[PDB]
C-alpha cells in the first residue's frame, strides 16, 4: 500500500493558519486564511495579528506561516513527502538562527480538518536584542523568494530541510536567517521518502488597503525542482 494523499490536492483547498508566539516574552497571535491550488503551486493568503501590533517583523514569520501546496513535476511525484502524509498530516519543526541575534523555535501540525488544510503553530523566540533589527522593526516589508533544500530522514520516517533567507534591512544590509527543519508524519500509514531536491518559492507580498489590523497578504507559487527527467 502507498498513500493517496496527493489526491486531496487536485483542486482548490481552503487554508486556515493559527500561530501563537512568544518572543522575548512578547506574546502575540496570528490567524490566516486563503486557498491552495497545488496543481499550479499556488497559495493566496492573508494573515492578521489578532493581538494588536505584531511585535516582530512580518518578514521574520513568513517561512513559519505549507509545503504540501508545492507543485511537484510529474517525473518527481514519488518525492512528495508532504502530500503523502495527508490527511493525517505532519509535524514541522524548525530552529531559525538570526545572525547576531536570537533564534525562533517553531512546532507546527499541518493536517486536514474536514476539507480545510490547517496549519497550527507554536513559536518561541529567545535572546533577541530589544534594539536590534527584529525587535526594533528595521526590516523591509518586501517579498522573499528562493529555495528550500529537502532531504530524506529515514530514521524519523520523514524529511529534513535547510536554507537561509536573506532579509533586507532598512540600512541596506542583509539579516541572514539560517533555517533547520524536520518533518515527521502524524499518522502510521505509508509515506514517500524523497531523493534530494528543492522547493523554489516565487512570492508577491502586499497590504489590503481597507484592512486596519496589522496584516500581510501573500501570493505564493512553489515548485519542486532539482531532479532531471
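Numbering follows the first chain given and starts at 1.
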Continuity check for residue 65 and residue 66, given as deposited residues lacking coordinates between them: 1 to 3
Mean C-alpha temperature factor, higher of 130-138 and 100-108: 130-138
Comparing 219-227 with 1-9, the one whose average Cα B-factor in the PDB entry is higher: 1-9
Residue, from 121, 144, 91, 150, that the PDB entry assigns the highest Cα B-factor: 144
Maximum C-alpha temperature factor, selected from 32, 36, 194, 172: 172
Third of the chain's Cα B-factor distribution that residue 200 belongs to, per the entry: middle
Residue 56 - which third its CA temperature factor falls in, relative to the rest of the chain: highest
Residue 26 by Cα B-factor - lowest, middle or highest third of the modelled chain: highest
For residue 211, the third of its chain into which the C-alpha B factor falls: highest
